[PDB]
Structure formats: structure tokens, C-alpha cells
Amino acid sequence: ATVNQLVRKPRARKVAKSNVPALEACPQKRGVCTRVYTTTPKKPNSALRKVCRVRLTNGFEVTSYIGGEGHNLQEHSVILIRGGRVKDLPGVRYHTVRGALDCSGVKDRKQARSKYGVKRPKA
Amino acid sequence: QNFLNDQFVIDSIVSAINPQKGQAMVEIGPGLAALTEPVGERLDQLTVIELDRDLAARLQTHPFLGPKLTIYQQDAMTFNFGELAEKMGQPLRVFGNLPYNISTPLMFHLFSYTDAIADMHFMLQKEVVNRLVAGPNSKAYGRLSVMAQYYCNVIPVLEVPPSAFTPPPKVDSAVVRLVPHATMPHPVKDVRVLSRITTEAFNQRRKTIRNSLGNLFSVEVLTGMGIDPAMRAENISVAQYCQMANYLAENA
Amino acid sequence: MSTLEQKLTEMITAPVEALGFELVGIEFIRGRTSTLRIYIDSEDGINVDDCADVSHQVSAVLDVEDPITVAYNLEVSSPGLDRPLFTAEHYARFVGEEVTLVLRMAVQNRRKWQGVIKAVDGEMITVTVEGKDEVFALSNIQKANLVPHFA
RNA sequence: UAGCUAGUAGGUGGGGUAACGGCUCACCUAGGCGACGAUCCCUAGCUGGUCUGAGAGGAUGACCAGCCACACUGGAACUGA
RNA sequence: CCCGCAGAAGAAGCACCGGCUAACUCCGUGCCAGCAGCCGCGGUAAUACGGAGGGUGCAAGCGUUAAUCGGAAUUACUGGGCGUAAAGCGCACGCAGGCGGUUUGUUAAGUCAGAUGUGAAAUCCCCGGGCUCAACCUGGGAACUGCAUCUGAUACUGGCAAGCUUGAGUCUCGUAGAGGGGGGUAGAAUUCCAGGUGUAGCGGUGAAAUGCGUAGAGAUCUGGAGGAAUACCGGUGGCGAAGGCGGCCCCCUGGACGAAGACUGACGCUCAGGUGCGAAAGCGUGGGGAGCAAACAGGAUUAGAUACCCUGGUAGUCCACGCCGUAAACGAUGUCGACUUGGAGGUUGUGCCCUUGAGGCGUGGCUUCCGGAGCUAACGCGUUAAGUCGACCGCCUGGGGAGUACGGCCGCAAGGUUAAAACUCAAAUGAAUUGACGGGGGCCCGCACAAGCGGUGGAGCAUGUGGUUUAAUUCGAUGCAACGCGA
RNA sequence: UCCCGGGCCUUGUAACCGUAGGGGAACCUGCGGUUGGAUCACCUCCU
Ligand SMILES: [Mg+2]
Ligand SMILES: [Mg+2]
Ligand SMILES: [Mg+2]
Ligand SMILES: [Mg+2]
Ligand SMILES: [Mg+2]
Ligand SMILES: [Mg+2]
Ligand SMILES: [Mg+2]
Ligand SMILES: [Mg+2]
Ligand SMILES: [Mg+2]
Ligand SMILES: [Mg+2]
Ligand SMILES: [Mg+2]
Ligand SMILES: [Mg+2]
Ligand SMILES: [Mg+2]
Ligand SMILES: [Mg+2]
Ligand SMILES: [Mg+2]
Ligand SMILES: [Mg+2]
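Chains as they are written, first to last, in the entry's author numbering: chain L, 2 to 124; chain Y, 17 to 268; chain X, 1 to 151.
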């Protein structure tokens, strides 16, 4: 509408949140697994999802996804988390990091292994 | 018409009822076997009314249930619960689920037996339950909730989503329990005076009570009772309503 | 909240005890999904992997004979750093320890609580609620949690 | 977040500073400010710049250079250019 | 930094390979679970899972996360929208604010031109130089959009002065109209009362019942009461800002349009706050209460029926005086002004011609329906724009959460009003296309029916099928469209 | 006309708004305004 309205009130460009706010723009954060559990997604859905309630150093507690194979991971253990969305799951916007401070690499895996926290085979 | 479908909330209701011997328990509207079985199970023996004689045959012929209950086949609004309270040795626990047009009648018939009933435990639709427990100063308040809260203390038990029912309605519904007062906290000279005071008032709920109860009492009576006649009918607690009822009855 | 809680417990007990793990808690919630939550512990330990195992087992062995399957999904869990707990014996392991409780009784001197377990009765939890002490029946409670001190 | 303000706004006179000035003090006037957003509350050191953007813009002020403020916290004041 | 010496000698990884997106096949795998930015991948091969070979990309790095800008015109200064997708205040008046016809002089604030001072250096950019190159460093220029001051310029804008009549507005004469306010009054009508005649029914529904009547109802005649509303005209019709306005007469009163001049002399438009008007419902105070009728009450119906039916019936509906302040208060379309093909009507003035009376040439106003151009997502809109444009105002920025919270304000109370966010979702939405629609609805067709003939269905027996039985009664076909059928 | 299929053109097939009140329901009722008077949608592909 009128330029006179625009000088009476300028263009209100909107703000948006961090969609992964419990990082406070840290590239990663540390926490402890306040509980750990595994879920079927649905009545016919067989693909178990592995998930943790984890409290961060900043006192937030949040859900995070456990990617790939099993671990030692059990409630007194400590975890590094980073941004990442499990698209099918509700609100799961944090991935745990493979090969982090209390976290094993996927020993078996021969492909993409720098994602999975695992060193070059020793050949 | 409806009856429940899902074991989680069936089990929640029958467990929240806490149905055991040492209680004069009677079902009304046993309906589908799934929700009458756990209560007929936990009570060593149980009384029941079904309104339908065909369902009463289905359940009386069921060997889980016919050997484990005593069964009656009639409109419960005919039924002499005051004699059943004598036959059951102590005032009754009356409970269940129904098509509930009859609900409004159920409450009055239960209240005709406030002596003979120890407590009532029933499912009902969300709006009528929230009305039944409504605080005096709310739009949910009104004459039937007044009479209910007069007769009994009233207590929501738990609330149930519509997909929980066998024919699932659109309408969320809750089980509620209520307790005829061991002595009436509001002593009244008569209940017909309450019933007519409340209907006159709520038939006129938008205007001042000077233009509702002041069509019968004077403003100097009302202010003499300590009541501001400039209030609306939905500002008024059951306490001053029973005070008005006593005033009507004793000054007549 | 559960279906047929004893039947469910035994059907779950079969893979739990085949794995040599132990049950702790069974609870179901009704909502956007309707879903079943199993607390398992084993004092050598429960990993995510142990949950994964017993969960894939129950995801078969319950499903094939489900008494109900409405909106269904489930999870199996370690009982948290603040732990849900359910029986006289549980609170008895934890006499002297801080707790929170929510109850089937719902009345003033509020039956929603923070407590330190004072002692256990065969029918009741006795507890230092609000720095006072009082006692609540295992039947008049409905959910409780332990060491809420840990966030 | 709508009204704000009594050394408040202005004046005279005394005192005061290296210097002008409610700077301050006596009196005297009743002003002065604000919806062209005062008052109030939150948040922030500022700037040359930096990043992005075709540009207009948007973001931002680490490093380096200029300015500002602070020096255990809160108060003062000595000395000296 | 140069020089000597020996030897390929001491020195390559990391992503990804379904599409977007360069790069693919074998293998397993079983939806085991893995895979994931998104779209999505998978059971029997999976180019998407895991492994292998093969490939692509980038490289002493390569990937992941976070964060800002981009893309995003996705706040739209440049560079967006508001009939239906989100969006035009229910309406109007009006203060502040913005905007403003036309002619001449004047001014020179804006504006323009030029100058002068300043705009730290570094950075940026250009042109060079120097490190073996590069990064890096560095000379010189350019740049520093600006600010101040001086000087001119005078179109335009602003100021000032003077006018001007086209906008605005006054006057004179008419015209049409449910415009408003106030006061009388009429004929129907219902109910009610009072009789009169009269008598077994009435009333109601699908049928019933409740209801009314032998104290005479119902019916019908007369007489009276009271409250409410204006049959018909009446219209694709008028008036009104909108809400709205309809028997008739009077009284007061608002606006509008045409006629023909005359007059003022830009007096204008828009309008945040502000002010006022504002259906229906409801409230306030005091009347009234015929008919109707939430609530209520009672009879019925129904599996139930709270509905739908009926007999009742209060508030309310009416009036005066307060309030509320909302409506799909919607042309879902802000106000004002200019322009831009046509066509058929309606209504209401007016001029000229009328041969009169009809006519026929014109010519305003209002208004309805078509439709060109253009516009529009499309639907459609279309000189009464949703076309072409000028001034100002209002409003929107994904869907839910939510016009909801909270606070403020306002209200007698209802509530109104202003108005979040967390949280949650990959949509939500508008128009339009093709099937379902389907319940059909019609066009109709044939030994389909009808009109005939001869059967079948009862008897015996041939034959198939079934059931049953058996050591086996082999197996297949089982309504048409299996059953003397494969055979 | 009907009775059986077909072939064929194609429809006998209320929502809301504001507001006030009931309240087994979504709902029922009163007042007056608006018309925006209804459907629903599965097995692959390159020049
Ligand atoms: Mg002085
Ligand atoms: Mg751009
Ligand atoms: Mg390709
Ligand atoms: Mg847009
Ligand atoms: Mg819209
Ligand atoms: Mg409008
Ligand atoms: Mg001008
Ligand atoms: Mg001029
Ligand atoms: Mg009134
Ligand atoms: Mg009214
Ligand atoms: Mg509100
Ligand atoms: Mg025969
Ligand atoms: Mg065969
Ligand atoms: Mg076959
Ligand atoms: Mg044959
Ligand atoms: Mg209207």
C-alpha cells in the first residue's frame, strides 16, 4: 500500500527461531543419557528406532536419535549431539555423534566410515 | 447409542471403580461383555439391571456371568433401589454405561434414593459432565448442576477419547463419581422449592435476579439475606440458593 | 494404564526371562498414537542394544496374539536416572530416598507429592512428603518416580 | 510501556570551574518535555570496516585502526600538566 | 638462498554414485531392518539397505553440525497483494497528518549546476612495483554515494503576492420518492368478553393422545374489548451513509435530481487518533401484552428421540427512556477524481419537433441485464471494472494452536475490543478438469414382456449332479454363462 | 404399461452468520441475516 503508510510504519520482516534451539548455536553439545529406549514406529512398521532422553551441560533435556548399530550406551554414559532431523519421527532434531567421547565406531562398516566414527581398517 | 471398545480404558474404569465385596455393588446397563466381565470378575458376586431382555438373556446365559451375578430385566426408573439396598445389607454402589437419553432421569431416580445409594459411578458426555461439576460463576453452571451439587459431592474420575467406543461417536466423554452427602452440608426444608427457584432463575439467566428471584421475593428480602439483587442467576452459589429455598419454605 | 496387565506381563516375561532380563514397569498412553512403554532392567546393565533385542522379540511375540492393536506402537526402556517405580519392594529398596508421586486419590493436603521414602508397609508407601510425613496406599497412588533430584 | 518532570523549565543574585552552564545555592517565575513517541522496560559498547547480495538491501563490528567505558565489588578523595 | 650426493626413491585420502545431482552393476539382504536434505528407498534383484567390483567428485585434505546472507519478490524502496486463495474497518462525519486545478509576478526552502572546505589511515577498486609464483607486501590513482559553506540556475515543487473559473459551493423554479421525527385515523384479521339462536361434539395427527364441551362447547348472529400488523398496489420499483424504510391523513424535518440563468472565487479530496449512526439477539427502568414463541410443562413418536408431531407456555416479541455495539452488518469488492468499444431494458427529470392525442428527434439523473477491448489463477469483471490511472486511508504475510491466552480498555451483565506465544504440521487453500456420482432421470432396445403354440414342474424310466455309502465308489466342472458337462 | 438385461442421453437425487437459551451426541430450540445450498478419487515412463 502507500509510501505514506510505509514511512508511518516500515516493513516488518519476520524473525524465525533456531529449529534446533538446545544447541544455542554451538556446532555440537555434550550431555548424559537420562534414559534410553527402543521403539517400533507403528503397528506394521518393523524398523526399530533407537532413542535417548539426554540432559545437556546447559540443563536442557531433549530427545536424540541413536544412528546405526548398538553400543555400551546406558544411562550414566555421556554423549555428543549435533543437528539432524529424523524426518519420519516427531520432533527428533538432534543426532548423537558416532565415535564421540563415550561412543564406539561401527567396527564392521567398510563404507562412509567417517560418518560412523570408525577408523580405516588396519591393513 | 454407544459402549466402550478398548481394553486400556475399560481396565482403567473397572479398576478406578475398585469393585470388591464389602460393597453393595449393582451394575446398570451391562451392555457389551468386555466391560461387564471385569467388574463381575472382581466382585465375588454382583447385582445388575439390563433394560433390554435380549441382552439380559445373552449375559445371563454367559457362564462367566450368569452364575456370578444376579440379573434384572426392566427400566431402572421403575426399580426399587431402596429395597435393593436392604437386600444388599448396606447402601448401594450403582454404576455402568447406557444410551443416556435416560441420563437426566437416572440422576433424579438416584437422588430419590440418596439414602439408599452409597455412591454413583457413570460415564457421560463432556458438556453435561463439565456442567455437572461447574463452579457457580461460570456459563457451564445452571439448575441441573445446582441440584446435582446439592444432593451429592461430585468428582470427575477420568476422560475418554471418541475412538475408544465400539460405534465411536464424535463426542469425548468422561466417567464421573458422586457421593450423597453423609449429612447435607446445605440443609434444606424442601427440594421442590430449590427446583422451582433454580428453574425460574435459569429460565431468566441474562437478567438481574431482581428481575428473576425478585419476581417472587422483594429486594429488601434478598439484601436482608445478604444477597445483592443486581447479580445475574449464574453468580449465585448453591449455598445462598438453599438459603432462598429455606426462606421461601419458612415464610410461606 | 494397560490392557490385561497380568497377561501382558507374562507374554512380555517370556522373552524378558528368555533374555535373562528383568521387568520393572508396564505403562500405556492414549493420544495421537496409543503406545506401550516397557521398563526393563538388569543390574549387570541394560544397553540400547538390550532394549533393541527384547523390543524386536516383543514386536513379534505380542503382535501375533495381540488382545488389541489400536493406533499401536511400543517402546522398551531402561527406567530413568529419575526412575519410575511401581511396587512395595521397589520403594523398600529405596527407603530414605527422595520421590515424587501422583495418585488415584485426588484431594487437598494435595495427592500430588514430593517426598522422601520414610518406610514401606505391605499396603502402603510411608513418605516424608513436604518435610512432613504421611502414608499412601499402593492402590490409592497411581504413578511414582524416584530420585527426582537428578534432573 | 502514555503521559512525563520540582534544580524540574526559565530568571535574578550569591557561590563554583581552566572554561560556558542549576554546575550549585538563595530567592523568583511556572514553566519544560511528549503520540515528529516523551516516560518506562528489554537488549547492546560505538565506528572505519567485515560477510552476503547483481543491486537495493540483510547480517555483523572477531582480527587490524579510530573513539568509548571498565580495572576484586561499592564508596570517595590526594597528587599532578 | 645457492651448491654437492644417493635413490623412485620418503609422501593420498575423503565423500558420493534413484532423482534434484556428475557418477552403476553383481552380490547378498528381507521391510532384517537399515537408509535419510527432500522426494522417498525394501521382502525376493534394492541403481536408494549391507557387501563387492565398477564409477564420479574433491584432494592434504574430505565430509558433518552450527551460524549469516543468498535463493526468498518469502515484508516486495528498487520489488507484493487484499470479489472467491490471507487481507477493504458494519456505516458515516471529522481534528491532526498526507495530497491538491489554473494564470501572472515575486521568492529561492526543496531541486538543479558549479566551486570550496571536509569525508583518518588501513580495507575496497584501478594502474603499477616487490617477494622465484602465489597468497602476501607495497607505490600512485580512483573511491569515500555523505556533511558544511559559497556561488550561480529558475523548469518543477514549496513560500509570498496578485488574480481565474473549469473543481468546490450559494441562489432562483420545478420534480420523484416505504428517507427520518412527531401526532391523529381506517378496513380487514386474531383472540377475548357479553349476550342470542342452537346441541354433541369440537380439537388435533400419519394415526393418536394430551386439550375443550352438556355449567351449552364447537357453530353462527349481535354487541363490546384489546394488542398487534398493514392483504391488494408492490415491480428484475423508489428512498436512505449503512443499519434500514411499505394502510391513510396531518404536523415537523433530511437529502437528491432536472431546468434555466445568476453569484462566490480553489473555499478542494482523503483522513491515524477522535466523534456519531449502527440488523437480529440480550441487558437496564417503567408500562403493555392481541397474535406468535426460546425456556419450561404435558401428550405422542422412536431401538433410544434429548429431535422431528401435537396440546399448552414464560421470557421475549410491542412502547418510552437508558445500554450493548455484534451479524455471511457481504457487491464477501475502502473513499474521491479522470479516462476507455457497444447493446437491450427499467425508472425519473428535461428540451425540441410533435399535425394533435400517440409519435419522433434529442438531453441529464438513477438503475438492471448482456457483452467488446483489457484484465483475471480461473471463475469471472467489464464505462455503475475486477479495464486504464492519479491522492489518501484500512488490511494480509503458510496451516493449526487462536481471534484463543495474558495485560489494558470498554460494558450493568452478557460480552465487546485490542491481542500473543509456546506448541504442532508439511502442508493448509482458491479455481477449474475428468471419472465416481447414482439415489438416478429420461431415450429406448431384444421371443425382455405382451399375443399365441408346445412344453417342464405329478407317473415310470434314461441321464447328469449333490447327498450318503464303500476298500474304492478316480479326477475336473458346481447361478446365468457347472449339472446327457470333459466323456 | 409392466418383467429381464443391455445399448444409450443423463442429477425425483441444505449449509451457515450473529446472538440467546436447551442441553445422550455431532447436537435441539428461538430471533433475524447470508447463499459460499455435495459428493469423492491408484498402479508407470522416454527421448
Ligand atoms: Mg550567574
Ligand atoms: Mg535478490
Ligand atoms: Mg545422473
Ligand atoms: Mg503474494
Ligand atoms: Mg479469504
Ligand atoms: Mg467495507
Ligand atoms: Mg501546485
Ligand atoms: Mg510558485
Ligand atoms: Mg425489556
Ligand atoms: Mg428486540
Ligand atoms: Mg478476546
Ligand atoms: Mg418330472
Ligand atoms: Mg486337480
Ligand atoms: Mg478348479
Ligand atoms: Mg445339453
Ligand atoms: Mg442486512
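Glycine residues also receive a C-beta, built at the ideal position from the N, C-alpha and C atoms.
| Query | Result |
| --- | --- |
| Residues that X:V54 contacts on chain Y, provided the C-beta gap is smaller than 9 Å | Under the 9 Å cutoff, chain Y gives no residues; its nearest Cβ is about 21 Å from X:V54. |
| Nearest candidate by alpha-carbon position, reference X:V76, set L:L90, L:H72, L:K51 | L:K51 |
| Helix, strand or coil at Y:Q106 [DSSP, three-state] | coil |
| Whole-angstrom distance between L:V119 and L:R110, CA atom to CA atom | 8 Å |
| Among L:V107, L:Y95, L:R31, L:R114, the one whose alpha carbon lies nearest that of L:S19 | L:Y95 |
| Own chain, CB closer than 8 Å to Y:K186, minus 5 neighbours either side, in chain order | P178 |
| Chain-ordered residues of the segment 138 to 166 of chain Y with a beta carbon less than 7 Å from chain X | none |
| Residue-level contact to chain Y via CB, X:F136, 9 Å cutoff | no |
| Any chain Y beta carbon closer than 9 Å to X:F86 | no |
| Chain X contacts from the segment 180 to 194 of chain Y (Cβ-Cβ distance under 7 Å) | none |
| Three or more C-beta pairs below 8 Å linking the segment 23 to 30 of chain Y and the segment 81 to 96 of chain L | no |
| Contacts that X:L101 makes with chain Y (C-beta to C-beta distance below 9 Å) | Within chain Y, no residue comes near X:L101; the closest Cβ sits about 17 Å away, beyond 9 Å. |
| Contacts that L:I67 makes with chain X (C-beta to C-beta distance below 9 Å) | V48 |
| Neighbourhood of Y:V149 by C-beta, 7 Å cutoff - its chain only, sequence neighbours within 5 removed | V170, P172 |
| Cutoff 9 Å: Y:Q61 Cβ touching any chain X Cβ | no |
| Interfacial residues, the segment 4 to 27 of chain L to chain X, with Cβ spacing under 9 Å | none |
| Minimum Cβ-Cβ distance from X:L74 to chain L less than 9 Å | yes |
| Unbroken alpha helix (DSSP H) run spanning Y:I243, endpoints | Note, Y:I243: premise wrong, no alpha helix (DSSP H); not H, not E. |
| Within chain X, the residues that Y:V25 reaches when beta carbons sit closer than 9 Å | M1, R30 |
| Any beta strand (DSSP E) of 3 or more consecutive residues that is wholly inside the segment 115 to 158 of chain Y | 133 to 141 |
| Any chain X beta carbon closer than 9 Å to L:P42 | yes |
| Integer Cβ distance of L:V63 from L:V33, believed to fall under 8 Å | L:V63 to L:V33, Cβ: 12 Å. No contact. |
| Test item: CB-CB of L:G69 and L:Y117 under 9 Å | yes |
| Chain L contact for X:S139 (CB, 9 Å cutoff) | no |
| Inter-residue CB distance, X:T9 and X:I26 (contact presumed, cutoff 8 Å) | 6 Å |
| Within chain L, partners of X:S59 - CB distance below 8 Å | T41, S47, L49 |
| Cβ pair count under 8 Å reaching 3, the segment 108 to 125 of chain Y against the segment 218 to 233 of chain Y | no |
| At least 3 beta-carbon pairs within less than 8 Å: the segment 46 to 54 of chain X vs the segment 250 to 267 of chain Y | no |
| From Y:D206, Y:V64, Y:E53, residue whose alpha carbon lies closest to that of Y:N96 | Y:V64 |
| From Y:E236, Y:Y166, Y:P83, residue whose alpha carbon lies closest to that of Y:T214 | Y:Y166 |
| Expected contact under 8 Å - CB spacing of Y:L85 and Y:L62 to nearest Å | 5 Å |
| Short CB-CB distance (under 9 Å) between X:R37 and chain Y | no |
| Reduced DSSP secondary structure (H/G/I, E/B, other) of Y:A50 | helix |
| Proximity test, Cβ basis, 9 Å: X:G20 and chain L | no |
| Pick from X:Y91, X:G45, X:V61, X:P67 that is closest to L:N73, judged by C-alpha positions | X:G45 |
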